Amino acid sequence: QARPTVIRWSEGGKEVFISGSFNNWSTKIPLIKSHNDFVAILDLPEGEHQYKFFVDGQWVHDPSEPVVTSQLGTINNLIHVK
């Protein structure tokens, strides 16, 4: 079922969390600092998920990864899990 999937945040900051449609935005999951990156490993089902980062107190998307407009009218990242 779920696919362990490495998420990487490379834009810098001190504290980085992730949330998304994968858990119906029900909480924030910490990413862990690794050199100039922050990383987490999420078990995501197959298919598309929207997600966004909470980085030093602000919601921000990864500019290197695809984006969509959510039903709130906000910009989220989009990932396709094979």
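In case it trips you up, residue 1 is the first one in the sequence shown, and so on.
Chemist: Test of understanding: from the entry's C-alpha B-factors, which stretch has the higher mean, 21-29 or 8-16?
Modeler: For C-alpha atoms only, the mean B-factor is higher in 8-16.
Chemist: Lowest, middle or highest third: where is residue 81 by C-alpha B factor in its chain?
Modeler: Highest third, going by the recorded CA B-factors of the chain.
Chemist: Ranking the modelled residues of this chain by C-alpha B-factor as given in the entry, is residue 49 in the lowest, middle or highest third?
Modeler: It falls in the middle third of the chain.
Chemist: Where does the C-alpha B-factor of residue 70 rank in its chain, lowest, middle or highest third?
Modeler: Ranked within chain, residue 70 CA B lands in the middle tercile.
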